[PDB]
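Scroll down for the structure; my scribbles are underneath it.
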Ligand SMILES: [Mn+2]
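Residue numbers (the entry's author numbering): 1 to 258.
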């Protein structure tokens, strides 16, 4: 059976962020993920994890000015020192939370020169890989989709696999969010099979409405069986927006809880 991590940025929003750790643990999650811890003290989040017996599975490096529309800078020429400084900040939190996996966001690159962007991506990902390797931490690239994130740098799975091969660092891989993969690429069983050994994290949400993985066009129980068949033993992040109250939606998770 796969192991599932509650996404505390999208789930349990009935309560403030710090209260979500307890609710996830009481719902039977052993792991959590979220986008950004940076508005909270690392020591406080560490204590949330310890007190509620939770593993920190994933979070993102600083994205730049989110309020101003920034969605990362890994692929934006000229922001390299900024990106490098943000790796230090992400590493501080990753060590505090004993987190082994970090997503480095690439940015909105529409209207920029594609070759310059890809070159900057490679340099930045190599730097991150080199800084994180001593700590056994992996950095990920996550393809998004053009409906939810128009103009984003990377929106196709095998293209991302190709970019990672160019990076040429063992602690770099793809974050495979099946919601995004279904919207942009499709052919998910054969895609997972082609990508086997090249993705270190998986995320799920219904398609097209991004709710619990028990509705919509994908048969998620089948896809769980595919992940198992290929020997995936990472975590599966629940990055969905609950239809209603978070816990009222958790029947799908009943077979997997604890
Ligand atoms: Mn995602």
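Positions of the beta carbon are idealized from the N, C-alpha and C atoms, including for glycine.
query: Have a look at the DSSP bridge pairing and note the partners of residue 250.; result: In the DSSP output, where bridge partners are listed per residue, residue 250 has none listed.
query: I think residue 240 touches residue 213, with their Cβ atoms under 8 Å apart; what is that distance to the nearest whole Å?; result: 7 Å
query: With DSSP as the reference, please indicate the residues paired to residue 220 in a beta bridge.; result: DSSP output for residue 220 lists no bridge partner at all.
query: With distances taken between CB atoms, is the gap from residue 132 to residue 97 smaller than 8 Å?; result: no
query: Note the first and the last residue of the continuous beta strand (DSSP E) segment covering residue 259.; result: It is not possible to answer for residue 259, since the shown part of the chain is limited to 1 through 258.
query: Near ligand 1, which residues have their beta-carbon less than 6 Å from any of its heavy atoms, given in chain order?; result: 142, 177, 203, 239
query: Considering just the uninterrupted stretch of the beta strand (DSSP E) at residue 238, what are its terminal residues?; result: 235-238
query: Here's the rule I'm using: 16 or more other beta-carbon atoms within 10 Å means buried, otherwise exposed. How should residue 40 be labelled?; result: exposed
query: Report yes if the C-beta distance between residue 179 and residue 205 is below 8 Å; otherwise report no.; result: yes
query: In the DSSP assignment, find the beta strand (DSSP E) that holds residue 173 and state where it starts and stops.; result: 172-177
query: Within 10 angstroms of the Cβ of residue 51, are there 16 or more other Cβ atoms? Answer buried if so, exposed if not.; result: exposed
query: Taking the beta strand (DSSP E) that residue 261 belongs to, which residues open and close that run?; result: A query on residue 261 cannot be resolved here, the shown segment of the chain reaching from 1 to 258 and no further.
query: Take residue 226 as the anchor and find which of 255, 194, 253 has the nearest alpha-carbon.; result: 194
query: So what does residue 203 bridge to, in DSSP terms?; result: 177, 237
query: Rounded to the nearest angstrom, how far is the Cβ of residue 237 from that of residue 33, given a contact under 8 Å?; result: 5 Å
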